[PDB]
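This report refers to the structure that appears directly beneath it.
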Amino acid sequence: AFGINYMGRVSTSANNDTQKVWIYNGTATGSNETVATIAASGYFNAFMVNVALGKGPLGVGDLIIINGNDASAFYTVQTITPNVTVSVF
Amino acid sequence: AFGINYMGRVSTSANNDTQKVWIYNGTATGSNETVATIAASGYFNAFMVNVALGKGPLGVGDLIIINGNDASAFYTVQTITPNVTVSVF
Amino acid sequence: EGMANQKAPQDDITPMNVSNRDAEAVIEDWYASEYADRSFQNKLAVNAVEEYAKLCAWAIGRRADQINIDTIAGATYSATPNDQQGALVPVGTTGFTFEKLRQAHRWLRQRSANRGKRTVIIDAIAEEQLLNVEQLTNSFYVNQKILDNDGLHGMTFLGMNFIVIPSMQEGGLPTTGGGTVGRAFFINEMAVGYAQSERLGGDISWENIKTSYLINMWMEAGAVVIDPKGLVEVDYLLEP
Amino acid sequence: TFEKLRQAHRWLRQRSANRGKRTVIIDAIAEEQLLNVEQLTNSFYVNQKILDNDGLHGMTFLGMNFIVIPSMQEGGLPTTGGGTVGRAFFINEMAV
Amino acid sequence: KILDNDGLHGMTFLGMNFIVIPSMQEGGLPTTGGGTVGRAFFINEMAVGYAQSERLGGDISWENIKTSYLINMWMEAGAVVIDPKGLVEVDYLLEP
Amino acid sequence: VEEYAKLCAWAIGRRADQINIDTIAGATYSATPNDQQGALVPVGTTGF
Amino acid sequence: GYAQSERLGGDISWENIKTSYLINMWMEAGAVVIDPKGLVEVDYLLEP
Amino acid sequence: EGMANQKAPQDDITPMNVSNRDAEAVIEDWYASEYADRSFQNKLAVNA
Amino acid sequence: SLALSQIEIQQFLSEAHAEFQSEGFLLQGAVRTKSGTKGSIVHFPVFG
């Protein structure tokens with residue numbers, strides 16, 4: 001499942017009118033799950049505060065660098081409500 | 001057109017001997033323009049201080065993460081004078 | 001409103017964004033004036049200037065109430081409101097009943113607008129119907145007997161103070177549905193902003209050219225809805 | 001009825017004539033019909049118990065004093081509608 | 001007499017204290033049945049444990065790099081169900 | 001800064017309430033509970 | 001008409017993360033033409 | 001700009017209208033910044 | 001002159017209004033509370 005200790009932020013800007021870049025450690029030293037599992041729908045629901053209302057640190061268009069235990073890929077957030085879904089960058 | 005409120009830094013380092021990474025928000029919550037429109041020549045001219053002399057925050061080789069209203073891609077700054085032009089990364 | 005989120009240790013903080021907006025009140029000027037010819041000083045048993053100064057101040061005061069009423073009644077009310085709309089209790093097929101009081105109180109409680117001073121403005125017909133409600137007049141529901149007293153004027157119910165607005169030539173409380181439906185409003189104090197540039201100014205001067213005293217009073221104010229979440233409207237049939 | 005009594009109080013309030021001393025003059029038939037109103041005779045609603053007293057004559061309700069006029073050879077309280085409709089009056093003290 | 005008071009907020013009935021939770025962006029009281037059935041809860045005090053390490057900390061600092069003031073407040077606590085036998089849930093229709 | 005400090009304090013206070021609510025609502029409720037379940041009063045066809 | 005809210009502000013800070021001092025001056029101003037009747041433009045050849 | 005006129009004695013004064021207009025300046029924020037690493041504190045005779 | 005309406009000003013008030021929201025801490029003391037705890041987990045022993 002999602003582990004907040006393996007979620008970090010790449011973008012340094014605090015400007016909230018633009019997007020953010022995240023990096024996730026799903027490798028053997030992190031969550032130890034495949035890229036497909038991490039990219040499944042609703043995986044990042046635990047990272048949001050109220051996913052039903054789309055309230056949380058993730059925004060639509062945010063770029064996530066997913067480091068799975070088998071490969072790595074760039075992904076982009078499309079929806080934050082009622083679920084958090086990502087797609088290939 | 002270009003809006004400074006939609007441009008933010010990504011690279012945290014202040015080392016001026018290396019390139020910087022930027023992110024632009026052209027999605028529905030930002031400029032609401034396509035990737036092709038943003039990647040057109042001279043679009044980021046308003047960001048520079050004096051584009052005629054290549055004086056501005058952007059440098060040659062800086063990586064820009066462009067999020068259009070249809071897709072997202074990595075782009076690299078090729079020239080800063082007399083126009084700011086980018087190409088895919 | 002802010003919001004609290006979680007983050008990894010030593011990770012950069014990611015604030016939850018707080019929205020902002022603005023409310024604009026437009027200032028207007030009104031005048032209440034009268035003349036008192038000097039030839040009437042010795043011909044009257046009353047003091048014309050003194051009476052006129054009192055009547056002019058009441059005219060200004062009545063307009064001040066009208067400005068507040070127009071702003072409150074002019075807001076947008078919906079039975080399924082969003083954050084920019086006040087709550088509406090539809091007329092249905094009844095008058096001002098105890099059920100509509102509960103529903104109006106529900107909206108204030110739900111939207112965190114039930115703290116501080118809350119006022120219910122009603123007109124004479126609304127009071128007449130509310131005097132038939134058992135929960136307001138029976139001494140086993142409330143610790144007062146308004147039927148032995150000034151009625152609903154000044155009464156406190158569920159922590160809200162009732163104010164009865166008389167029929168004013170300035171307009172009073174508006175109606176709807178072709179003059180068959182009355183409107184009553186539940187207002188949290190912070191929900192409406194009233195800018196008072198000049199509450200009651202004036203000048204009483206002797207005009208030698210007209211050989212008269214000019215009692216001239218004026219006011220300068222405007223109102224705006226600040227937070228519709230603290231506004232509720234109740235609709236009732238004037239003839240239930 | 002109680003509805004008519006509430007409407008009369010509504011008119012005084014609506015026309016800003018509901019402050020100070022107010023008097024209600026009614027005839028005997030009006031008192032008889034008004035004695036059926038629960039809100040006038042029940043201790044749930046009023047402090048006084050008019051059924052242990054002179055009834056509506058001299059009672060105070062909503063700040064208004066009630067006076068019952070008997071039949072008078074001088075005319076008393078006038079009627080209307082061919083003698084089938086009674087008339088009762090609510091008077092602010094300063095109005096007369 | 002709760003109608004001369006804050007209603008059900010703070011009322012005591014059958015020895016139980018009532019708290020009215022308003023609408024909250026954080027979620028407030030959860031709903032069920034597709035948002036048509038509300039959920040209310042009865043709790044014995046000993047049935048739930050709440051451990052509080054820091055009620056309200058904070059710090060306000062000037063960040064020259066971002067040319068901004070960072071207002072930062074935090075809390076640190078957790079909760080658990082000691083005994084489910086002291087928990088009751090009541091389900092009701094939001095529009096009966 | 002003063003308004004943000006006031007608003008952030010209320011946000012923390014609302015999270016403290018939400019922690020309690022989430023824990024209470026997170027239990028398993030049944031109309032025929034065992035020792036590890038809370039009791040449930042079913043909705044039926046009425047309000048509160 | 002030239003309106004300067006801040007002619008020359010600034011702040012010099014120690015940044016431990018970057019192990020460096022940040023010298024950060026700023027200004028806040030804007031200008032407008034109040035009366036165009038007071039402006040004259042003279043055009044000339046750079047190489048006559 | 002006003003103007004002085006004439007009138008008959010004991011006649012009402014007739015002012016000459018004075019116009020009014022407004023000009024709006026938009027305020028901008030500019031930053032001039034630099035970094036000075038602590039590694040250069042002891043290596044420079046110039047105070048960076 | 002009535003032209004003075006062209007240079008009328010607007011006033012912005014310094015007292016801000018926060019939208020009607022809960023201040024939290026409504027469930028303080030409603031459950032068995034342990035204050036000043038330390039550690040990642042707090043254990044409550046239970047007997048059957």
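Going by the structure tokens order, chains are called A, B, ..., each with residues numbered from 1, while ligands are numbered from 1 in the order shown.
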Least-squares fit of chain A onto chain B (C-alpha, ordered pairing) as a CSV table (one decimal) with C-alpha atoms, in the first residue's frame:
```
chain,number,residue,atom,x,y,z
A,1,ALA,CA,0.0,34.3,-23.6
A,2,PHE,CA,2.7,33.7,-21.0
A,3,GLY,CA,1.7,34.1,-17.4
A,4,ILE,CA,4.4,34.5,-14.8
A,5,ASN,CA,2.1,33.2,-12.0
A,6,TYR,CA,2.0,29.8,-13.7
A,7,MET,CA,5.8,29.5,-14.0
A,8,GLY,CA,7.6,27.8,-11.1
A,9,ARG,CA,11.0,26.5,-10.4
A,10,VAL,CA,11.8,22.8,-9.6
A,11,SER,CA,15.6,22.8,-9.1
A,12,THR,CA,16.6,23.8,-5.6
A,13,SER,CA,20.3,24.5,-6.2
A,14,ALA,CA,21.3,28.1,-6.5
A,15,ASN,CA,24.5,27.1,-8.3
A,16,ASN,CA,24.5,29.3,-11.5
A,17,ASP,CA,27.2,27.2,-13.3
A,18,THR,CA,24.7,24.4,-13.9
A,19,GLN,CA,21.2,24.4,-15.4
A,20,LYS,CA,17.8,24.9,-13.9
A,21,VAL,CA,14.5,23.0,-14.1
A,22,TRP,CA,11.2,24.8,-14.6
A,23,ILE,CA,7.6,23.7,-14.6
A,24,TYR,CA,4.8,25.6,-16.5
A,25,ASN,CA,1.0,25.2,-15.8
A,26,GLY,CA,-0.7,25.6,-19.2
A,27,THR,CA,-3.6,23.4,-18.2
A,28,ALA,CA,-7.2,24.5,-17.7
A,29,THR,CA,-6.2,25.9,-14.3
A,30,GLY,CA,-3.3,27.9,-15.8
A,31,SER,CA,-2.8,29.5,-19.1
A,32,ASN,CA,-5.2,27.0,-20.8
A,33,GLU,CA,-3.2,26.5,-24.0
A,34,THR,CA,-1.9,23.5,-25.9
A,35,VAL,CA,1.7,22.2,-25.7
A,36,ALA,CA,2.3,23.3,-29.3
A,37,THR,CA,1.3,26.9,-28.5
A,38,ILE,CA,3.5,27.0,-25.5
A,39,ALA,CA,6.4,25.4,-27.4
A,40,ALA,CA,6.2,27.9,-30.2
A,41,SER,CA,9.1,30.3,-30.8
A,42,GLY,CA,9.1,33.4,-28.7
A,43,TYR,CA,6.4,32.3,-26.3
A,44,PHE,CA,8.7,32.7,-23.2
A,45,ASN,CA,10.0,36.1,-24.4
A,46,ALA,CA,7.9,37.8,-21.7
A,47,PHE,CA,9.8,35.9,-19.0
A,48,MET,CA,13.1,37.4,-20.0
A,49,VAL,CA,14.2,40.9,-18.9
A,50,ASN,CA,15.9,41.9,-22.2
A,51,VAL,CA,15.4,39.1,-24.7
A,52,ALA,CA,17.4,41.1,-27.3
A,53,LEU,CA,20.5,40.8,-25.3
A,54,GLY,CA,19.7,37.4,-23.8
A,55,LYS,CA,19.2,38.7,-20.3
A,56,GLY,CA,16.8,36.8,-18.1
A,57,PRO,CA,16.2,34.0,-15.7
A,58,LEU,CA,16.2,31.3,-18.5
A,59,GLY,CA,19.5,29.8,-19.6
A,60,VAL,CA,20.5,27.7,-22.6
A,61,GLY,CA,20.0,24.1,-21.8
A,62,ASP,CA,17.4,24.7,-19.1
A,63,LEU,CA,14.7,22.0,-18.8
A,64,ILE,CA,11.0,23.1,-18.8
A,65,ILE,CA,8.2,20.7,-17.9
A,66,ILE,CA,5.3,22.0,-20.0
A,67,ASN,CA,1.8,20.9,-18.8
A,68,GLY,CA,-0.5,21.9,-21.7
A,69,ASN,CA,-4.2,21.6,-21.6
A,70,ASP,CA,-4.0,18.5,-23.9
A,71,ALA,CA,-0.8,16.8,-22.9
A,72,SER,CA,2.6,17.2,-21.2
A,73,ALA,CA,6.2,17.0,-22.4
A,74,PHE,CA,9.7,17.8,-21.4
A,75,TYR,CA,11.4,20.6,-23.3
A,76,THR,CA,14.9,22.2,-23.4
A,77,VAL,CA,15.8,25.8,-24.1
A,78,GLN,CA,18.1,26.3,-27.1
A,79,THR,CA,18.3,30.0,-27.6
A,80,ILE,CA,17.6,33.0,-25.4
A,81,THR,CA,18.4,35.7,-28.0
A,82,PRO,CA,16.9,37.2,-30.1
A,83,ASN,CA,14.0,34.8,-29.2
A,84,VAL,CA,13.4,32.1,-26.6
A,85,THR,CA,13.1,28.8,-28.5
A,86,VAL,CA,12.5,25.3,-27.0
A,87,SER,CA,12.8,21.8,-28.4
A,88,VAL,CA,11.6,18.4,-27.5
A,89,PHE,CA,13.7,16.8,-24.7
```
Find the residues around region 40-45 of chain F up to 8 Å (only C-alpha atoms counted), leave out those fewer than 5 positions away in its own chain, and share them as a PDB file with C-alpha atoms, in the first residue's frame.
```
ATOM      1  CA  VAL E  37     -28.416   8.258   5.260  1.00  0.00           C
ATOM      2  CA  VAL E  88     -23.629   2.529  19.163  1.00  0.00           C
ATOM      3  CA  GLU E  89     -24.436   3.764  15.661  1.00  0.00           C
ATOM      4  CA  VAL E  90     -27.799   5.222  14.648  1.00  0.00           C
ATOM      5  CA  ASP E  91     -28.757   5.490  10.978  1.00  0.00           C
ATOM      6  CA  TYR E  92     -31.428   7.941   9.848  1.00  0.00           C
ATOM      7  CA  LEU E  93     -32.795   9.273   6.580  1.00  0.00           C
ATOM      8  CA  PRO E  96     -37.476  11.254   5.753  1.00  0.00           C
TER       9      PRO E  96
ATOM     10  CA  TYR F  29     -21.214  -2.024  13.614  1.00  0.00           C
ATOM     11  CA  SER F  30     -23.791  -4.805  13.438  1.00  0.00           C
ATOM     12  CA  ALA F  31     -27.424  -5.229  14.409  1.00  0.00           C
ATOM     13  CA  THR F  32     -26.383  -8.492  16.125  1.00  0.00           C
ATOM     14  CA  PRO F  33     -22.928  -7.548  17.391  1.00  0.00           C
TER      15      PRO F  33
END
```
TODO: Give the strand (DSSP E or B) residues of chain D, as assigned by DSSP on the backbone, as a ChimeraX atom specification.
DONE: /D:22-26,60-61,64-68,79-80,85-86,89-92
Open item on the list: Please extract the residues of chain D with a backbone DSSP assignment of alpha helix (DSSP H) and present them as a list in words.
Closed with: residues 2, 3, 4, 5, 6, 7, 8, 9, 10, 11, 12, 13, 14, 28, 29, 30, 31, 32, 33, 34, 38, 39, 40 and 41 of chain D
Open item on the list: Quick check: residues of chain G within 12 Å of chain E, only C-alpha atoms, returned as a ChimeraX atom specification.
Closed with: /G:9-18,20-26
May I have the selected residues written with N, CA, C and O atoms, as a PDB file, in the first residue's frame?
```
ATOM      1  N   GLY G   9      14.044  48.110  -0.939  1.00  0.00           N
ATOM      2  CA  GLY G   9      13.984  47.187   0.169  1.00  0.00           C
ATOM      3  C   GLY G   9      15.061  46.124   0.043  1.00  0.00           C
ATOM      4  O   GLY G   9      15.869  46.120  -0.880  1.00  0.00           O
ATOM      5  N   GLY G  10      15.064  45.208   0.998  1.00  0.00           N
ATOM      6  CA  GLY G  10      16.011  44.119   0.924  1.00  0.00           C
ATOM      7  C   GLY G  10      16.115  43.378   2.233  1.00  0.00           C
ATOM      8  O   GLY G  10      15.549  43.773   3.253  1.00  0.00           O
ATOM      9  N   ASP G  11      16.865  42.281   2.179  1.00  0.00           N
ATOM     10  CA  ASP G  11      17.125  41.459   3.351  1.00  0.00           C
ATOM     11  C   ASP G  11      18.300  40.548   3.049  1.00  0.00           C
ATOM     12  O   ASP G  11      18.304  39.861   2.027  1.00  0.00           O
ATOM     13  N   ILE G  12      19.290  40.546   3.935  1.00  0.00           N
ATOM     14  CA  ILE G  12      20.464  39.694   3.812  1.00  0.00           C
ATOM     15  C   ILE G  12      20.344  38.597   4.857  1.00  0.00           C
ATOM     16  O   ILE G  12      20.265  38.882   6.058  1.00  0.00           O
ATOM     17  N   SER G  13      20.330  37.349   4.408  1.00  0.00           N
ATOM     18  CA  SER G  13      20.046  36.219   5.272  1.00  0.00           C
ATOM     19  C   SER G  13      21.141  35.172   5.158  1.00  0.00           C
ATOM     20  O   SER G  13      21.859  35.095   4.161  1.00  0.00           O
ATOM     21  N   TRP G  14      21.261  34.366   6.203  1.00  0.00           N
ATOM     22  CA  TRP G  14      22.111  33.189   6.173  1.00  0.00           C
ATOM     23  C   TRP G  14      21.252  31.971   5.873  1.00  0.00           C
ATOM     24  O   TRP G  14      20.294  31.687   6.596  1.00  0.00           O
ATOM     25  N   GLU G  15      21.586  31.263   4.803  1.00  0.00           N
ATOM     26  CA  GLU G  15      20.862  30.068   4.393  1.00  0.00           C
ATOM     27  C   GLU G  15      21.725  28.861   4.722  1.00  0.00           C
ATOM     28  O   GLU G  15      22.725  28.604   4.046  1.00  0.00           O
ATOM     29  N   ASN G  16      21.338  28.124   5.761  1.00  0.00           N
ATOM     30  CA  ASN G  16      22.147  26.999   6.208  1.00  0.00           C
ATOM     31  C   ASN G  16      22.133  25.865   5.192  1.00  0.00           C
ATOM     32  O   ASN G  16      23.144  25.177   5.013  1.00  0.00           O
ATOM     33  N   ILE G  17      21.000  25.649   4.525  1.00  0.00           N
ATOM     34  CA  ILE G  17      20.891  24.536   3.589  1.00  0.00           C
ATOM     35  C   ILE G  17      21.849  24.722   2.422  1.00  0.00           C
ATOM     36  O   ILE G  17      22.516  23.775   1.989  1.00  0.00           O
ATOM     37  N   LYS G  18      21.942  25.938   1.901  1.00  0.00           N
ATOM     38  CA  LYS G  18      22.851  26.240   0.806  1.00  0.00           C
ATOM     39  C   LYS G  18      24.202  26.748   1.284  1.00  0.00           C
ATOM     40  O   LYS G  18      25.045  27.084   0.449  1.00  0.00           O
ATOM     41  N   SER G  20      25.274  29.493   2.395  1.00  0.00           N
ATOM     42  CA  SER G  20      25.632  30.739   1.742  1.00  0.00           C
ATOM     43  C   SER G  20      24.720  31.853   2.226  1.00  0.00           C
ATOM     44  O   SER G  20      23.613  31.610   2.710  1.00  0.00           O
ATOM     45  N   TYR G  21      25.204  33.080   2.092  1.00  0.00           N
ATOM     46  CA  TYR G  21      24.400  34.264   2.345  1.00  0.00           C
ATOM     47  C   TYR G  21      23.605  34.617   1.099  1.00  0.00           C
ATOM     48  O   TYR G  21      24.112  34.525  -0.020  1.00  0.00           O
ATOM     49  N   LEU G  22      22.359  35.022   1.296  1.00  0.00           N
ATOM     50  CA  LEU G  22      21.500  35.465   0.208  1.00  0.00           C
ATOM     51  C   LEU G  22      21.265  36.960   0.346  1.00  0.00           C
ATOM     52  O   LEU G  22      20.605  37.402   1.290  1.00  0.00           O
ATOM     53  N   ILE G  23      21.807  37.731  -0.589  1.00  0.00           N
ATOM     54  CA  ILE G  23      21.571  39.166  -0.665  1.00  0.00           C
ATOM     55  C   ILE G  23      20.394  39.375  -1.598  1.00  0.00           C
ATOM     56  O   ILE G  23      20.458  39.018  -2.778  1.00  0.00           O
ATOM     57  N   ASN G  24      19.315  39.952  -1.080  1.00  0.00           N
ATOM     58  CA  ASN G  24      18.037  39.978  -1.795  1.00  0.00           C
ATOM     59  C   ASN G  24      17.437  41.377  -1.702  1.00  0.00           C
ATOM     60  O   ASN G  24      16.671  41.667  -0.785  1.00  0.00           O
ATOM     61  N   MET G  25      17.772  42.231  -2.662  1.00  0.00           N
ATOM     62  CA  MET G  25      17.160  43.546  -2.761  1.00  0.00           C
ATOM     63  C   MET G  25      15.924  43.485  -3.648  1.00  0.00           C
ATOM     64  O   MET G  25      15.779  42.600  -4.491  1.00  0.00           O
ATOM     65  N   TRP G  26      15.025  44.444  -3.449  1.00  0.00           N
ATOM     66  CA  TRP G  26      13.799  44.487  -4.228  1.00  0.00           C
ATOM     67  C   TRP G  26      13.291  45.915  -4.302  1.00  0.00           C
ATOM     68  O   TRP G  26      13.716  46.791  -3.548  1.00  0.00           O
TER      69      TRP G  26
END
```
- [ ] Output the contact residues of chain H with respect to chain B at a cut-off of 12 Å, based on only C-alpha atoms, as a PyMOL selection string.
- [x] chain H and resi 29-37
- [ ] Hey, list the chain H side of the contact with chain I: 9 Å cut-off, only C-alpha atoms, answer as a VMD selection string.
- [x] chain H and resid 15 to 22
Written selection (N, CA, C and O atoms) as a PDB file, in the first residue's frame:
```
ATOM      1  N   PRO H  15     -20.627  79.751 -11.704  1.00  0.00           N
ATOM      2  CA  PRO H  15     -19.290  79.162 -11.787  1.00  0.00           C
ATOM      3  C   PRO H  15     -18.986  78.650 -13.183  1.00  0.00           C
ATOM      4  O   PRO H  15     -19.877  78.250 -13.934  1.00  0.00           O
ATOM      5  N   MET H  16     -17.704  78.672 -13.523  1.00  0.00           N
ATOM      6  CA  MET H  16     -17.215  78.037 -14.737  1.00  0.00           C
ATOM      7  C   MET H  16     -16.771  76.622 -14.404  1.00  0.00           C
ATOM      8  O   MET H  16     -15.970  76.419 -13.488  1.00  0.00           O
ATOM      9  N   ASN H  17     -17.293  75.653 -15.146  1.00  0.00           N
ATOM     10  CA  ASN H  17     -17.076  74.252 -14.821  1.00  0.00           C
ATOM     11  C   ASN H  17     -15.596  73.897 -14.853  1.00  0.00           C
ATOM     12  O   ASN H  17     -14.851  74.340 -15.729  1.00  0.00           O
ATOM     13  N   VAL H  18     -15.175  73.095 -13.881  1.00  0.00           N
ATOM     14  CA  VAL H  18     -13.824  72.558 -13.809  1.00  0.00           C
ATOM     15  C   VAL H  18     -13.917  71.049 -13.969  1.00  0.00           C
ATOM     16  O   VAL H  18     -14.632  70.383 -13.212  1.00  0.00           O
ATOM     17  N   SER H  19     -13.201  70.512 -14.948  1.00  0.00           N
ATOM     18  CA  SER H  19     -13.275  69.094 -15.259  1.00  0.00           C
ATOM     19  C   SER H  19     -12.401  68.284 -14.308  1.00  0.00           C
ATOM     20  O   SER H  19     -11.599  68.821 -13.546  1.00  0.00           O
ATOM     21  N   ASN H  20     -12.571  66.966 -14.357  1.00  0.00           N
ATOM     22  CA  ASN H  20     -11.784  66.052 -13.546  1.00  0.00           C
ATOM     23  C   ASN H  20     -11.559  64.758 -14.311  1.00  0.00           C
ATOM     24  O   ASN H  20     -12.386  64.350 -15.128  1.00  0.00           O
ATOM     25  N   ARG H  21     -10.427  64.118 -14.033  1.00  0.00           N
ATOM     26  CA  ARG H  21     -10.101  62.822 -14.607  1.00  0.00           C
ATOM     27  C   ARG H  21      -9.097  62.135 -13.697  1.00  0.00           C
ATOM     28  O   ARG H  21      -8.562  62.734 -12.764  1.00  0.00           O
ATOM     29  N   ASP H  22      -8.841  60.864 -13.980  1.00  0.00           N
ATOM     30  CA  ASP H  22      -7.984  60.041 -13.142  1.00  0.00           C
ATOM     31  C   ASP H  22      -6.986  59.278 -14.000  1.00  0.00           C
ATOM     32  O   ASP H  22      -7.284  58.892 -15.133  1.00  0.00           O
TER      33      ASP H  22
END
```
Open item on the list: What's around residue 44 (chain I) at 9 Å? Count only C-alpha atoms, leave out sequence neighbours fewer than 6 positions away in its own chain, and write the answer as a list in words.
Closed with: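 Everything that qualifies: residues 49, 80 and 82 of chain E.
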Expected file: the selected residues, N, CA and C atoms, as a CSV table (one decimal), in the first residue's frame:
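Output contents, as saved in part_22.csv:
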```csv
chain,number,residue,atom,x,y,z
E,49,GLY,N,-9.9,5.6,23.4
E,49,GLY,CA,-8.7,6.2,23.9
E,49,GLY,C,-8.1,7.2,23.0
E,80,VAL,N,-7.7,5.2,19.3
E,80,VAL,CA,-8.0,3.8,19.1
E,80,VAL,C,-9.3,3.5,19.8
E,82,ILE,N,-10.9,1.3,22.5
E,82,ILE,CA,-10.6,0.4,23.6
E,82,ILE,C,-11.6,-0.7,23.6
```
Task: Between CA of residue 15 (chain I) and CA of residue 2 (chain F), distance in Å (one decimal) - done: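 Between CA of residue 15 (chain I) and CA of residue 2 (chain F) the gap is 11.0 Å.
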TODO: With a distance threshold of 12 Å and counting only C-alpha atoms, extract the residues of chain F near chain A and express them as a list in words.
DONE: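 For chain F, the answer reads residues 15, 18, 19 and 22 of chain F.
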Give me a file of those residues, with C-alpha atoms, as an mmCIF file, in the first residue's frame.
```
data_model
loop_
_atom_site.group_PDB
_atom_site.id
_atom_site.type_symbol
_atom_site.label_atom_id
_atom_site.label_comp_id
_atom_site.auth_asym_id
_atom_site.auth_seq_id
_atom_site.Cartn_x
_atom_site.Cartn_y
_atom_site.Cartn_z
ATOM 1 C CA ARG F 15 -8.223 17.767 12.588
ATOM 2 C CA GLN F 18 -11.677 14.423 12.762
ATOM 3 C CA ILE F 19 -9.251 11.996 14.407
ATOM 4 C CA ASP F 22 -12.657 8.654 12.117
#
```
TODO: Figure out the distance between CA of residue 40 (chain D) and CA of residue 141 (chain C), please, to one decimal in Å.
DONE: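 Taking CA of residue 141 (chain C) and CA of residue 40 (chain D), their separation equals 17.4 Å.
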TODO: Using CA of residue 200 (chain C) and CA of residue 26 (chain C) as the two end points, give the distance in Å to one decimal.
DONE: 17.7 Å
